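Chemist:
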Ligand SMILES: [Rh+]
Ligand SMILES: [Rh+]
Ligand SMILES: [Rh+]
Ligand SMILES: [Rh+]
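Chains as they are written, first to last, in PDB author numbering: chain A, 13 to 134; chain A', 13 to 134; chain B, 13 to 134; chain B', 13 to 134. A prime marks a further copy of an entry chain.
(1) How far does the alpha helix (DSSP H) with residue 48 of chain B' in it extend, from its first residue to its last?
(2) In angstroms with no decimal places, state the Cα-to-Cα distance between residue 54 of chain A' and residue 124 of chain A.
(3) Could you work out which residue in A'/120, A'/106, A'/36, A'/130 is closest to residue 121 of chain A when comparing CA atoms only?
(4) Note down, in chain order, each residue of its chain lying with its Cβ closer than 8 Å to the Cβ of residue 127 of chain B, except the 5 sequence neighbours on either side.
(5) Mapping DSSP to helix, strand and coil, what is residue 41 of chain B?
(6) Thinking just about the alpha-carbon of each residue, which of A/103, A/117, A/101 is nearest to the one in residue 97 of chain A'?
(7) Looking only at its own chain, which residues have a Cβ that is under 6 Å from the Cβ of residue 18 of chain B, when we skip the five neighbours before and after it?
(8) Taking residue 126 of chain A' as the query, report the chain B residues whose CB atoms sit under 9 Å from its CB, ordered along the chain.
(9) Got a sec: which bits of the region 85–117 of chain B' sit with their beta carbon under 7 Å from any beta carbon on chain A', in order along the chain?
(10) Can you pull out the residues from the region 22–39 of chain A whose beta carbon lies closer than 8 Å to at least one beta carbon of chain B'?
(11) Applying a beta-carbon distance threshold of less than 7 Å, which residues of chain A neighbour residue 47 of chain B'?
(12) At which residue ranges does the region 62–117 of chain A' contain complete beta strand (DSSP E) runs of 3 or more residues, listed in the order of the chain?
(13) Here's the rule: buried if 16 or more other CB atoms are within 10 angstroms of the residue's CB, otherwise exposed. What is residue 61 of chain A'?
(14) From residue 90 of chain B' to residue 81 of chain B', what does the alpha carbon distance come to, in whole angstroms?
(15) Name, please, each residue of chain A whose Cβ falls closer than 8 Å to the Cβ of residue 59 of chain A'.
(16) Please list, following the chain, all residues that have a C-beta closer than 6 Å to any non-hydrogen atom of ligand 3.
(17) Check each candidate in A/26, A/69, A/30, A/45 and name the one with the smallest Cα separation from residue 39 of chain A.
(18) What three-state label does DSSP hand residue 33 of chain A in the structure shown?
(19) Would you identify the three-state DSSP class for residue 16 of chain A, choosing helix, strand or coil?
(20) Where residue 48 of chain A and residue 130 of chain A are concerned, what is the direct C-alpha to C-alpha distance, given to the nearest angstrom?
(21) By the criterion of Cβ-Cβ separation under 8 Å, what are the contact partners of residue 65 of chain B' in chain B?
(22) Since residue 92 of chain A contacts residue 74 of chain A with CB under 8 Å, what's their CB separation in whole angstroms?
(23) Would you kindly work out how many angstroms separate the C-alpha atoms of residue 21 of chain B' and residue 134 of chain A, rounded to a whole number?
(24) Roughly how many whole angstroms lie between the Cα atoms of residue 69 of chain B and residue 111 of chain A'?
(25) Could you check if residue 58 of chain B' is buried or exposed, using at least 16 other CB atoms within 10 Å of its CB as the buried criterion?
(26) Run through chain A and tell me which residues come within less than 7 Å of residue 70 of chain A', C-beta to C-beta.
(27) Establish whether the CB of residue 52 of chain A and some CB of chain A' are separated by less than 8 Å.
(28) Alpha carbon to alpha carbon, how far is residue 83 of chain B from residue 51 of chain B? Give it in angstroms, no decimals.
(29) How big is the Cα-Cα spacing for residue 102 of chain B' and residue 66 of chain B?
(30) Is residue 63 of chain A' buried or exposed, if buried means 16 or more other CB atoms sit within 10 Å of its CB?
(31) If you follow the beta strand (DSSP E) that residue 124 of chain A is part of, which residue opens it and which one closes it?
(32) Going by DSSP, name the residue or residues bridged to residue 58 of chain B.
(33) Candidates B'/35, B'/115, B'/94, B'/78: which alpha carbon is nearest residue 43 of chain B''s?
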């Protein structure tokens, strides 16, 4: 699914996910969030299953963004975990965990969870 | 926290997380799971905040493993999202999302969630 | 939002959520899942904020179903946590955690996570 | 596990979970959080598997607290999903989702996730 995954994706928030899928299972690229303490692109890296089943199942993958770049630092990191579904209207359906650096006393409050769906159009 | 993070970590399941933290915010290394459809090491990649706050807060980070290697393929990927806490007994406290590739009809059933704590000893 | 919440809702899977919102903040009713090890209705109980903000924010709520009834027992329980959004096309947007009873050795594998959106029509 | 579950539990934060397990699978009681926008007891309700497997597996359960009482309203609700494990040192191991009522524009930011372990002593 190297061809399928590689390219520019957009989620329901208007965020922009630009990713290259390597033959070796690597995901590399940049993320631009439309919301939160973020601006411009952030480096991302991740992994996908480069030899998925051939039974109609999606392709498992994930990636991470640490929310620091040359412009801003939000002292947090999000990971997206999901699968790529090919075909007519390709999608990457994910759930994500956003952890902010906290003191021990506030750690119970450290992690947001949500879900993003990415498509090739937006 | 480049020095702090880099090295060998172990979680409560006996899994082994071997990671190098780069000056540029990169996480690279290998993961060996003690449970599940897995054996030997898998490539991981991720990101950490390379300029965290100086107020006692932890350092945000995350990484991804796609569960394919030269031995096995589980058609799944886990992402860990959490923070590194330095000091006397350093810890990386995470929550994780494990997504398996599924058909659309089974997608509701695609994602496990849990939490792992990593320490420098085990 | 007692009036708004009370009634029959349906999610994207075709499941049926029948709920009564009490003046005291109680949620009571029945759930019928369209997927998984389930058939017919299961008792649910839960809670909602009976005095929400008046600033356009949604109404926080949650409920639990244990997957045992007179027909089947799946030895599991799901909790939905989310908010009710009123207006033209009312919605209850949730994320859920489905925990299966496991042995200690399999506990890492005990919990599924996902998201369901409920509307008054389907 | 009616006998096992019923009683007073405490988590790692010092919160107090007081619960009665009914023969019909009901959970009823009160929760007192040691952290966050909360004070004194809040009503809880939930469900547990009243006929669990007899193979060493834990007992699935869940409950909800809406964070409104006679003293405070935080416009939020937490659901705990997990399992009760009996024996020498009984535990209820959970993961939780805390949803705050938000505007649509802030909904991506609505839900915290974490994990609490409850024991009979603290
Ligand atoms: Rh969705
Ligand atoms: Rh923990
Ligand atoms: Rh959605
Ligand atoms: Rh734990």
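No residue lacks a Cβ here, since even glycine has one placed at the ideal position from N, Cα and C.
Modeler: Based on what the coordinates show:
(1) Careful: residue 48 of chain B' lies outside any alpha helix (DSSP H) and carries neither H nor E.
(2) 27 Å
(3) Considering only alpha carbons, the answer is A'/106.
(4) 105, 106, 107, 108
(5) strand
(6) A/117
(7) 32, 33
(8) 119, 120, 121, 122, 123
(9) 107
(10) 25
(11) Neighbours of residue 47 of chain B' on chain A, chain order: 120.
(12) 71–80, 85–97, 103–112
(13) Of the other Cβ atoms in all chains shown, 16 or more fall within 10 Å of the Cβ of residue 61 of chain A'; this residue is therefore buried.
(14) Roughly 14 Å separates the two Cα atoms.
(15) 55, 56, 57, 76, 77, 78, 89
(16) Result: A/127, B/127, B/129.
(17) A/30
(18) strand
(19) helix
(20) Using only the alpha carbons, I get a separation of about 18 Å.
(21) 87, 113
(22) 6 Å
(23) Going by the C-alpha atoms only, they are around 49 Å apart.
(24) 31 Å
(25) buried
(26) 113, 114
(27) No, its Cβ sits nowhere closer than 8 Å to a Cβ of chain A'.
(28) Near 7 Å, if we compare the C-alpha coordinates of residue 83 of chain B and residue 51 of chain B.
(29) 43 Å
(30) exposed
(31) 123–131
(32) B/39, B/75
(33) B'/78
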